[PDB]
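Before any questions on binding or motion, here is one chain by itself as structure tokens, the form deposited in one PDB entry.
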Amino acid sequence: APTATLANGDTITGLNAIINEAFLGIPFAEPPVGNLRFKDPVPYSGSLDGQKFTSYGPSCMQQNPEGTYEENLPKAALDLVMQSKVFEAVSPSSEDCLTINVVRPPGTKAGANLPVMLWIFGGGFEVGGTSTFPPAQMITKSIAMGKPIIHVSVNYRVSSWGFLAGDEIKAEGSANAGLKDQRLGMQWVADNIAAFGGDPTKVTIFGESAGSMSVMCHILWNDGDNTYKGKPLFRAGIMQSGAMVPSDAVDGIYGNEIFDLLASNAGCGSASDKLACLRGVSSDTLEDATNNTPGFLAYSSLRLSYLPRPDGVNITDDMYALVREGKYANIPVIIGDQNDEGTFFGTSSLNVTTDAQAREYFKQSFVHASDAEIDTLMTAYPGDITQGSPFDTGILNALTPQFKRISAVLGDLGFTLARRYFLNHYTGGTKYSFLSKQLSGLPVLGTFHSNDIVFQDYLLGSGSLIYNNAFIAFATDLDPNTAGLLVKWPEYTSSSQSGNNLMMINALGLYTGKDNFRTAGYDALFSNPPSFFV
């Protein structure tokens, strides 16, 4: 029923979901299999003429989040579930996974020129797929707002498949493959979205957690040059939990350590050219080898095995330096956080219970930090349980004497204070920032990471006003205030500005606040950002 004629004259068919029209599973690149493994994506050559695109394709290979070189119950249990024939059926993955999805309001036609919202999924740069993020809620609300948009989602390679690093990858020019996947998708949107009814000049990119940091990397890509065929690939971006990535170069110490471990795991330890050896192992072997490197829920936690790393070519330097140096696209942006980002991640080191153990965990996590720096971090983030995350919970949630403390650090460095740093330096365009406390009172976790996905794609809640409405108005008019919410959203210029600069969300609704919390931690962490890089 629904139809579109692509740029190359190919005419495809979609699905009429009644409440929207969807074209799912459209291939945008040649399958990154065999010798194309770990390499930049290759534009899709082929004919889609006469093809129907009515279901999501498989996601790229996924990493066991509890994966690790050690052996334990959580790992064994997860692999059990993961390789189960039922899981493989309801949730299929493959190395051939580079597909793109387009979902629009019913009745949309070529030339409608609707604003486009390109979604980049999260998942710690190690798991993830586009199928788990329904556009229906965002789409329906846009229609009801008189501000219809087109939702575009793109599959990208995660884990070893898309973020392998080291000297060989570096020498080959194959760094950040997964980010290049997202980049190609953008180019595809620029070339073909008009046929679906969208306006290529009105693309807003957005993502959550790893997807959010990805948006940041796109702002920083090619020193800020975001053009394609003489025109920018996007007019704005929305960052849901996550700013710059605090990581060393692709051929740094941890990037190389991981590469070597994976190579040994695959049985390529003796190879002169480990990279070509890795291209030759079967998918199974490669999957096994990767699940034997640390996953993000394992003890290593947020000191990720796979993530974006500066390569000196597309991400030319330390990402914090690129922001201080002004090497970014000049676009209006929305960037926010959930109050307790680190509590889910803090559950990974619950065998750390004394300050002595905390000091060593931090020392293991941040190899570049000096003792004095570690001392400052531990003064700035005290053992006092009433000081940790879930914030403002007093003596509650004391899983261990160090849980709330570790959770406070991880969340701040990884997301919340990192956002403040960006905001205090970015002069590219108008800035709007939010902080959600929607789930205050939720035991153990508080307003934890990714809860915004629920209220954006699944359930309706006070937060949806921001996650759908406010985000829709921004994608359409470049100002969230066009949404007509009762609380006006103030522009953010600096964390030192007088007057409220944060949109805030609680269980009942919205209100405004100041982004002046935990200044001691901010300087402990950001006086010299590279001291805390992974």
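What we label the rigid core is the largest C-alpha set whose atoms superpose within 1.5 Å from one form to the other. Residue positions are given as counts along the sequence shown, with the first one as 1. Residues that one form lacks are left out of the comparison.
Not on display, but discussed next: the form deposited in another entry.
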Query raised in the report: For the set 144, 89, 356, 372, which residue undergoes a C-alpha shift of 2 Å or more between the shown form and the other one, given alignment on the rigid core?
Result: 89
Query raised in the report: Relative to the superposed rigid core, does the CA atom of residue 384 travel 2 Å or more between the shown form and the other one?
Result: no
Requested in this report: Using a superposition on the rigid core, decide whether the Cα position of residue 194 changes by 2 angstroms or more between the shown form and the other one.
Outcome: no
Query raised in the report: After the core is overlaid between the shown form and the other one, has the C-alpha of residue 49 moved by 2 angstroms or more?
Result: no
Requested in this report: Report the direction of the Cα distance change between residue 405 and residue 68 in the other form, compared with the displayed form, as closer or farther; the change is 3 Å or more.
Outcome: closer
Query raised in the report: Given a CA distance change of at least 3 Å, are residue 59 and residue 90 closer or farther in the other form?
Result: closer
Requested in this report: Go ahead and list the segments of at least 3 residues in a row whose C-alphas all shift 2 Å or more between the shown form and the other one, with the rigid core as the reference fit.
Outcome: 67-91
